[PDB]
Structures are given as structure tokens and as C-alpha cells.
file protein.cif (mmCIF, C-alpha atoms)
data_upload
#
loop_
_atom_site.group_PDB
_atom_site.id
_atom_site.type_symbol
_atom_site.label_atom_id
_atom_site.label_comp_id
_atom_site.auth_asym_id
_atom_site.auth_seq_id
_atom_site.Cartn_x
_atom_site.Cartn_y
_atom_site.Cartn_z
ATOM 1 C CA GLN B 18 116.762 36.111 119.305
ATOM 2 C CA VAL B 19 113.972 34.495 117.290
ATOM 3 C CA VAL B 20 113.979 34.815 113.500
ATOM 4 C CA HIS B 21 110.843 36.135 111.795
ATOM 5 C CA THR B 22 109.729 37.592 108.456
ATOM 6 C CA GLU B 23 106.366 39.166 107.622
ATOM 7 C CA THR B 24 104.723 42.059 105.787
ATOM 8 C CA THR B 25 103.333 45.124 107.560
ATOM 9 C CA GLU B 26 100.775 47.675 106.406
ATOM 10 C CA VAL B 27 101.873 51.094 107.619
ATOM 11 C CA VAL B 28 99.317 53.779 106.792
ATOM 12 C CA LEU B 29 100.812 57.271 107.017
ATOM 13 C CA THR B 30 99.299 60.747 106.787
ATOM 14 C CA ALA B 31 100.882 63.774 105.110
ATOM 15 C CA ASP B 32 101.894 66.067 107.970
ATOM 16 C CA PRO B 33 100.776 69.734 107.736
ATOM 17 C CA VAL B 34 104.407 70.751 108.247
ATOM 18 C CA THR B 35 106.608 68.565 106.046
ATOM 19 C CA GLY B 36 104.382 65.702 104.947
ATOM 20 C CA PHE B 37 106.530 62.616 104.606
ATOM 21 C CA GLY B 38 109.894 63.105 106.265
ATOM 22 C CA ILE B 39 110.484 59.439 105.437
ATOM 23 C CA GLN B 40 112.501 58.572 102.330
ATOM 24 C CA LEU B 41 112.740 55.318 100.377
ATOM 25 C CA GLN B 42 115.665 54.541 98.072
ATOM 26 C CA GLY B 43 115.533 51.991 95.282
ATOM 27 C CA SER B 44 119.187 51.095 95.680
ATOM 28 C CA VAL B 45 120.393 54.066 93.655
ATOM 29 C CA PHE B 46 120.521 57.066 95.950
ATOM 30 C CA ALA B 47 122.822 55.223 98.361
ATOM 31 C CA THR B 48 126.450 54.103 98.157
ATOM 32 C CA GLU B 49 125.298 50.846 99.751
ATOM 33 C CA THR B 50 124.530 48.461 96.884
ATOM 34 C CA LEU B 51 122.542 49.472 93.805
ATOM 35 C CA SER B 52 120.288 48.225 91.000
ATOM 36 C CA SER B 53 118.002 46.909 93.727
ATOM 37 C CA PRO B 54 114.283 47.440 94.579
ATOM 38 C CA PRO B 55 112.865 50.339 96.663
ATOM 39 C CA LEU B 56 112.837 50.332 100.464
ATOM 40 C CA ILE B 57 112.659 52.665 103.462
ATOM 41 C CA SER B 58 115.944 53.901 104.924
ATOM 42 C CA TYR B 59 115.469 57.440 106.243
ATOM 43 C CA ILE B 60 113.266 59.080 108.877
ATOM 44 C CA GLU B 61 113.085 62.596 110.322
ATOM 45 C CA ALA B 62 113.196 63.665 113.955
ATOM 46 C CA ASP B 63 109.664 65.029 113.588
ATOM 47 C CA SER B 64 107.991 63.128 110.734
ATOM 48 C CA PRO B 65 104.743 61.080 110.894
ATOM 49 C CA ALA B 66 106.850 58.050 109.980
ATOM 50 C CA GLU B 67 109.157 58.479 112.972
ATOM 51 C CA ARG B 68 106.189 59.129 115.252
ATOM 52 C CA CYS B 69 104.103 56.441 113.523
ATOM 53 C CA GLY B 70 105.307 54.151 116.296
ATOM 54 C CA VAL B 71 105.764 51.341 113.789
ATOM 55 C CA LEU B 72 108.381 52.450 111.260
ATOM 56 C CA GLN B 73 112.162 52.185 110.949
ATOM 57 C CA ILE B 74 115.075 51.709 108.550
ATOM 58 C CA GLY B 75 114.875 48.336 106.833
ATOM 59 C CA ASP B 76 111.224 48.140 105.805
ATOM 60 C CA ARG B 77 111.054 46.793 102.251
ATOM 61 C CA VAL B 78 108.291 48.666 100.417
ATOM 62 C CA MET B 79 106.965 46.552 97.545
ATOM 63 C CA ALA B 80 103.280 47.500 97.469
ATOM 64 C CA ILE B 81 102.578 51.135 98.332
ATOM 65 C CA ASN B 82 99.119 52.540 97.564
ATOM 66 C CA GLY B 83 98.823 49.621 95.160
ATOM 67 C CA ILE B 84 101.967 50.416 93.181
ATOM 68 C CA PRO B 85 104.562 47.726 94.072
ATOM 69 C CA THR B 86 107.257 49.473 92.023
ATOM 70 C CA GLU B 87 108.842 47.889 88.947
ATOM 71 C CA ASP B 88 112.338 46.443 89.358
ATOM 72 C CA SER B 89 113.896 49.655 90.682
ATOM 73 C CA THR B 90 112.586 53.218 90.465
ATOM 74 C CA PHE B 91 113.698 55.737 93.089
ATOM 75 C CA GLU B 92 111.681 58.472 91.381
ATOM 76 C CA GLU B 93 108.649 56.188 91.585
ATOM 77 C CA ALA B 94 108.926 55.861 95.365
ATOM 78 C CA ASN B 95 109.118 59.631 95.824
ATOM 79 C CA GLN B 96 106.082 59.936 93.565
ATOM 80 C CA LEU B 97 104.051 57.602 95.778
ATOM 81 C CA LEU B 98 104.901 59.698 98.835
ATOM 82 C CA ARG B 99 103.751 62.832 97.011
ATOM 83 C CA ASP B 100 100.632 61.095 95.686
ATOM 84 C CA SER B 101 99.539 60.607 99.305
ATOM 85 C CA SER B 102 98.420 64.240 99.485
ATOM 86 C CA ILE B 103 95.479 63.252 97.276
ATOM 87 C CA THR B 104 93.771 61.408 100.135
ATOM 88 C CA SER B 105 95.901 63.030 102.865
ATOM 89 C CA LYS B 106 97.210 59.565 103.781
ATOM 90 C CA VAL B 107 98.944 56.571 102.205
ATOM 91 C CA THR B 108 99.226 52.836 102.867
ATOM 92 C CA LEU B 109 102.684 51.346 102.324
ATOM 93 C CA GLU B 110 102.993 47.557 102.269
ATOM 94 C CA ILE B 111 106.421 46.616 103.617
ATOM 95 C CA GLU B 112 108.295 43.436 104.498
ATOM 96 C CA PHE B 113 110.335 43.105 107.691
ATOM 97 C CA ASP B 114 112.803 40.447 108.821
ATOM 98 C CA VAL B 115 113.070 40.044 112.590
ATOM 99 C CA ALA B 116 116.547 38.950 113.672
ATOM 100 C CA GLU B 117 116.700 39.753 117.386
ATOM 101 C CA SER B 118 113.633 38.499 119.255
#
call {"tool": "encode", "arguments": {"input": "protein.cif", "output": "C-alpha cells"}}
result
Amino acid sequence: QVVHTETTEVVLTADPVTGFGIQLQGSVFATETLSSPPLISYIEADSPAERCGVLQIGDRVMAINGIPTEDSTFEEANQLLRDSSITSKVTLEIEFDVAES
């Protein structure tokens, strides 16, 4: 159970069905804590994020498509996901903390 902590660059592509079944809450749309920054905490059983083979609940998004969000803006996160349609794909910079090997 080694302890780690790094940032990952997960580039996703808007699926022709749903697009981005993955949701990121800025500690506002969840009863668990609030007034906090935006992060990933929701994936679909058929979304590019789930099938990305490198995404899960816990990823701290703080630099998506350039926009690292300001303080806390849930609406901002959703906007970034929708702004991915422009290029058909987005690059979300997240931070993970390994705590189990």
C-alpha cells in the first residue's frame, strides 16, 4: 500500500450518443462537503470516461482545456464538458492520490 500523488492528463472525446457521461462537482451539487473546488465524482455505465480506461471518482480537475476553474464553480465545470464539442475532444488535467499500492 504505497502512497503516491501526481497529476494525470485524461483526454476525452464527446461520444456520439451522450457525449460526456462524466460529471464534476465543485463541492456544491453534493451533500458531501461544500464551498470546495471542482472534481470528478460521477461516471456512466457507457460513457467515454468510464471506458477511457483511466478515469474514476476522485480525480481532482484543476486545469481542464486550460481553464483551471476559479475557487469553486460547478457551472464552470459543466461548461468545459460542453465546450469539448468544439474540437470533439477535451483534455482534463487532474490530480490523483494513490493510497493502496
call {"tool": "atom_distance", "arguments": {"input": "protein.cif", "atom1": "atom CA of residue B:63", "atom2": "atom CA of residue B:42"}}
result
19.7 Å
call {"tool": "resolve_selection", "arguments": {"input": "protein.cif", "expression": "the PyMOL selection byres ((chain B and resi 20) around 9)", "output": "MDAnalysis selection string"}}
result
chainID B and resid 18:19 21:22 114:118
call {"tool": "residues_around", "arguments": {"input": "protein.cif", "residues": "residue B:83", "least_positions_apart": "4", "cutoff": "9 Å", "atoms": "only C-alpha atoms", "output": "MDAnalysis selection string"}}
result
chainID B and resid 108:110
call {"tool": "write_last_selection", "arguments": {"input": "protein.cif", "atoms": "C-alpha atoms", "output": "mmCIF file, keeping the file's coordinate frame"}}
result
data_model
loop_
_atom_site.group_PDB
_atom_site.id
_atom_site.type_symbol
_atom_site.label_atom_id
_atom_site.label_comp_id
_atom_site.auth_asym_id
_atom_site.auth_seq_id
_atom_site.Cartn_x
_atom_site.Cartn_y
_atom_site.Cartn_z
ATOM 1 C CA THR B 108 99.226 52.836 102.867
ATOM 2 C CA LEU B 109 102.684 51.346 102.324
ATOM 3 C CA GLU B 110 102.993 47.557 102.269
#
call {"tool": "closest_residue", "arguments": {"input": "protein.cif", "among": "B:34, B:80, B:94, B:29", "to": "residue B:67", "atoms": "all atoms listed in the file"}}
result
B:29
call {"tool": "residues_around", "arguments": {"input": "protein.cif", "residues": "residue B:24", "least_positions_apart": "5", "cutoff": "9 Å", "atoms": "all atoms listed in the file", "output": "number ranges by chain"}}
result
B: 76-77, 110-114
call {"tool": "closest_residue", "arguments": {"input": "protein.cif", "among": "B:95, B:35, B:50, B:90", "to": "residue B:64", "atoms": "all atoms listed in the file"}}
result
B:35
call {"tool": "atom_distance", "arguments": {"input": "protein.cif", "atom1": "atom CA of residue B:40", "atom2": "atom CA of residue B:59"}}
result
5.0 Å
call {"tool": "closest_residue", "arguments": {"input": "protein.cif", "among": "B:73, B:102, B:53, B:25", "to": "residue B:87", "atoms": "all atoms listed in the file"}}
result
B:53
call {"tool": "atom_distance", "arguments": {"input": "protein.cif", "atom1": "atom CA of residue B:106", "atom2": "atom CA of residue B:49"}}
result
29.7 Å
call {"tool": "axis_aligned_box", "arguments": {"input": "protein.cif", "around": "stretch 101-117 of chain B", "padding_each_side": "8 Å", "output": "lines of an AutoDock Vina configuration file"}}
result
center_x = 105.2
center_y = 51.6
center_z = 107.3
size_x = 38.9
size_y = 41.3
size_z = 36.1
call {"tool": "residues_near_point", "arguments": {"input": "protein.cif", "point": "(110.3, 51.2, 95.6)", "cutoff": "7 Å", "atoms": "only C-alpha atoms", "output": "VMD selection string"}}
result
chain B and resid 41 to 43 54 to 56 78 to 79 85 to 86 89 to 91 93 to 94
call {"tool": "residues_around", "arguments": {"input": "protein.cif", "residues": "residue B:101", "least_positions_apart": "4", "cutoff": "8 Å", "atoms": "all atoms listed in the file", "output": "MDAnalysis selection string"}}
result
chainID B and resid 30:31 97 105:107
